[PDB]
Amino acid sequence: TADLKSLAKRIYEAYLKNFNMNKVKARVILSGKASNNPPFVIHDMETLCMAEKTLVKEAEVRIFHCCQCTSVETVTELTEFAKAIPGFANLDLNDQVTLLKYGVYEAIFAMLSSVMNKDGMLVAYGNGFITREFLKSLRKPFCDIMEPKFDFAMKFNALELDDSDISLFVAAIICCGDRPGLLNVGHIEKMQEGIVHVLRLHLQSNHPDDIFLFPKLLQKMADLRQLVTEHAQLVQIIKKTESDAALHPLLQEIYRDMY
């Protein structure tokens, strides 16, 4: 197609332009090769403090705000990535906020699985690597935050998607027509179908062997929505039980009356 094949590469560009790191880079850092200098691994409090002294309260709470700084940076990138979507800037100023209110984290987790593996994930622009077992070590409720994401990322990574696939997937996550409070539920739905259409045609052409990759990703979308709901629940517990853990203004604004 003309537009369908073109719009797919436009969203791809906005992905690469606004999103670093991506998956192609995360796969380079991992699996060795073309690198030779592996990232500093963080598997205990010792390695954690070494990585902290080189960056400028409890350990669990410090790791907290470190992930908040990344969530905030990602949401910003998402806002820029969203504006480059055909039709997002044309929507109502309030409908743009809602699409990003329920979609940001649902996308953050999708993209997060690119820098993850059964053993850990890459942090600090790929220069570091934090092991999964170390996170399960921390005290509750912190030890339960990242664990569900690893599980999703494992089954998600099984689908063997690349940045072109993921880009369209993320865009679809943002152009969700059944978000609570959506005004023009009719215009967004049309925009959503256009995005979902290209995604479907793109997968049928980029993975001709996996003929059901499209419905699987749909399943994953439902999984991510559930995965955000539970995450938002665990965030409230941390906001109300941990006295030294303060949410970021931008982050507190998004969870405000979410689920």
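One-based numbering along the sequence shown. Between two forms, the rigid core is defined as the largest C-alpha subset superposing within 1.5 Å.
Displacement analysis by core superposition in 8 other deposited structures of this protein ranks 119 to 127 above the other of 119 to 127 and 105 to 113 in root-mean-square C-alpha distance from the shown form. Stretch 84 to 92 is the one, of 84 to 92 and 160 to 168, whose CA positions lie farther from the shown form in 8 other deposited structures of this protein once all structures are superposed by the rigid core. In the record comparison, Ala34 is unmodelled in at least a third of the other entries of this protein that model the residues flanking it. The entry shows a gap from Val56 to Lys57, with 10 or more unmodelled residues of the deposited sequence in between. Here the stretch with the larger average CA B-factor, out of 25 to 33 and 216 to 224, is 25 to 33. With 104 to 112 and 175 to 183 compared on mean CA B-factor from the PDB entry, the stretch scoring higher is 175 to 183. When the Cα B-factors of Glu189, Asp95, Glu147, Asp162 are read from the PDB record, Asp95 comes out highest. Annotation for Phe152: CA B-factor lies in the lowest third of the chain's modelled residues. Annotation for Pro39: CA B-factor lies in the lowest third of the chain's modelled residues.
When the modelled residues of the chain are ordered by their C-alpha B factor, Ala51 lands in the middle third. In the deposited entry, the Cα temperature factor of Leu199 sits in the bottom third of values across the chain's modelled residues.
When the CA B factors of the chain's modelled residues are split into thirds, the value for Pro141 lands in the highest one.
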